[PDB]
């Protein structure tokens, strides 16, 4: 079974931190751009961070400086370090590749609440 599985959500006291991990089993995170997204109840799913195959990172304004995206090639997993969190960060968090993104395929996501 080919898929992405997010883990590491939960409740945390605002201004805390959290590491989310996206375990690709059946996919090679090394050959793909990977991004992190989030979606909250009334809102549209929000692109958060990307890491190209070179390793080049990039982040959307609401999270610049607070979150870091990293790729563990050896562990076929992407990670999102969440620092100095805020209620406005509360959401379900998803990771994904380009192809799955355009086909609207998503793993289970992990829920985070501040």
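Positions refer to the first chain, counted from 1.
- Judged by mean Cα B factor in the deposited record, 8-16 ranks above the other of 8-16 and 92-100.
- Comparing the C-alpha B-factors of 33, 39, 54, 83 in the entry, the top value falls on 83.
- Per the PDB record, residue ranking by Cα B-factor puts residue 74 in the highest third of the chain.
- In the deposited entry, the Cα temperature factor of residue 48 places it in the lowest third of its chain's modelled residues.
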